[PDB]
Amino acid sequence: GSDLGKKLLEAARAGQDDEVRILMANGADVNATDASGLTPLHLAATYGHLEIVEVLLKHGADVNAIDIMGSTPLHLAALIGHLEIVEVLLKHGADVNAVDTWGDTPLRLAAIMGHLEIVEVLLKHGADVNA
């Protein structure tokens, strides 16, 4: 039979907000992970799907879920450059100073990418310049 968690990951990545809600109401685990540890929240945060990020969080998504590389959804939003998603993640308790496998924080990632508005937001939320 079909895997609801795999469908939830695909709906979160595709930006299908109606399907995300339906899947979860029918038993899809909000914290379903693929082979690399990516959750629906990691995918919605990467693809810039703000409403899906908010829906996932309201349904109990782990805001600080880490994949095999230690990337939290905040790392992914800061790297790509989704400002409103960074702000929503921080509001829901994202670890501003989370360090991935390469020793990078969301602040480092936003800085190297030249995402200055995100840099300022992270710093205002307690990003440690020495982490």
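Note that residue numbering begins at 1 and tracks the sequence as displayed.
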(request) Would you check the entry's CA temperature factor for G93 and let me know if it's in the chain's lowest, middle or highest third? (result) highest
(message) Where does the C-alpha B-factor of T101 rank in its chain, lowest, middle or highest third?
(response) highest
(message) What third of the chain does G27 rank in for C-alpha temperature factor, lowest, middle or highest?
(response) middle
(request) Check where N64 lands among this chain's C-alpha B-factors and tell me if it's the lowest, middle or highest third. (result) middle
(request) Place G70 in the lowest, middle or highest third of its chain's C-alpha B-factors, as listed in the PDB entry. (result) highest
